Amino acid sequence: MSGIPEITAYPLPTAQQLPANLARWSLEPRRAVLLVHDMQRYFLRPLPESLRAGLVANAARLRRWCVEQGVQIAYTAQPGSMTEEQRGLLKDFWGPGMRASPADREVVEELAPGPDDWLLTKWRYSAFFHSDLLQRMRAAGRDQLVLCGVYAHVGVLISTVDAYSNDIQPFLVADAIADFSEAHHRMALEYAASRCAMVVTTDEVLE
C-alpha cells in the first residue's frame, strides 16, 4: 500500500562525506527561496526517531537562518485523500496515499509555517508540477532554490532537476534531507553534485 519501505537508521552525511561539487554557484539570500519539501507527519512517521530528529533539527536551523537572512520560505504539501483521478499513476507505486486529516497532512510542528511563507499544493514528485512555484519565483525575482525535506532520491531530487532545468541554481542541503536508506541518500547526493545542484551541509549554509 504505501510504497515506502522499512527504513533503518543511518547517520546524516558530514561535509567530509559529500561528493565534490562540479558547479560553482554561491547562495545569495536576496536571490533565494527555501523549499521545505513534504515535511508532513505522514512522510516523517516511517523514519526511525534518531533519523527524524536529526533531520528536523537541521531543517529547523536552516529555516531560522533563512528567516534571519531574508530568504523566502516555501512549503510543499500533498492535500491528502486524493481522488482516483487526482492520484493517477501514483497509485501504482504508492497506494492511495495519505489522508486529508491533520494527523497525516500537517507540516511537523518544529517547522511550523509562518504567515509570510508560501504554501504549495503537492501533486507529483516535482514541487513545480501543477503548482505556481515557478511563477512565484519569477515574480519575486528569486532564481536560487535551497532544498530540504523528504525523500532525497524521489521528490527532493526531481524538484532539484526541475529547478535546474529552469535555470534556477539549486542548493541541496545534504543533512537536512532524509531517505529510504543511506545508499539512496548518497546516490541522490552524487547525482545532484554532478547533474543539477550544489550539495552543502546545514553548517556550510549558516557559514
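Heads up: residue numbers just count along the shown sequence, starting at 1.
When the C-alpha B-factors of 45-53 and 150-158 are averaged, 45-53 comes out higher. Relative to its counterpart among 185-193 and 7-15, 7-15 has the higher mean temperature factor, C-alpha atoms as listed in the PDB entry. The entry lists C-alpha B-factors for 74, 98, 127, 89, and the highest of these is at 98. When all modelled residues of the chain are sorted by CA temperature factor, residue 61 is found within the highest third.
Per the PDB record, residue ranking by Cα B-factor puts residue 67 in the highest third of the chain. In the PDB entry, a CA B factor belonging to the middle third of its chain's modelled residues is recorded for residue 202. Annotation for residue 37: CA B-factor lies in the lowest third of the chain's modelled residues.
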